[PDB]
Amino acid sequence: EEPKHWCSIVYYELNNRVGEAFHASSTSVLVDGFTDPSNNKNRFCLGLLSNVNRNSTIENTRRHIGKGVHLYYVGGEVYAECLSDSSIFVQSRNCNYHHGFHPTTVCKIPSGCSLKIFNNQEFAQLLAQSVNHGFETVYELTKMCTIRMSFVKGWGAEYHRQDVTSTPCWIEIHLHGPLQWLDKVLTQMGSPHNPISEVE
């Protein structure tokens, strides 16, 4: 079954959310650093967004986003194509699970390269296998429905910026398809058999 929007995107600068959320209305969405303010079709423009906590480091990185990233959803798969002149850095648990990479791995996509960052069938298969492992195992799959990604600046093990919140320009993508399918399993597994106080 298909969702109203196949993904929604949110833009951050360091640890601060910037601008309104973007909701995709076509299979192709462009996240660039220009200034067209219609965020209701295929283009998510970041150049027009204001941030009262912006600094010189963030400002210089936004100047190099350029054409940015082309995210599209064709044939049950999601791709990231780096149209920018600078690289982008994607962390996708579903992509990492596919290639045997460590789940926390950040993949550098150099300018001009494309990477398959999600596969619907693999998630749906992982979801079905996860049901027999308990509620916590299926609830952990929520983490797989998000993809975080930064412009220009890298993050992860090799870089001084360990967390994506240390990068000056990044976005977070929510894959509504997987979230919908996960929801219909989570609502039929009940709740954890654990206690929680109301005072502590």
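All residue numbers are counted from 1 along the displayed sequence.
Averaged over their C-alpha atoms, the temperature factors of 188 to 196 and 11 to 19 are higher for 188 to 196. Just going by the entry, 126 to 134 versus 84 to 92 on mean CA temperature factor gives the higher value to 126 to 134. Within the listed group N53, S26, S150, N60, the record reports its top CA B-factor for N60. Sort the chain's modelled residues by C-alpha temperature factor and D163 lands in the highest third, per the entry. Sort the chain's modelled residues by C-alpha temperature factor and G156 lands in the highest third, per the entry. Among the modelled residues of its chain, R43 has a C-alpha B-factor that falls in the middle third, as given in the PDB entry.
In the deposited entry, the Cα temperature factor of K108 places it in the middle third of its chain's modelled residues. When all modelled residues of the chain are sorted by CA temperature factor, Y79 is found within the middle third.
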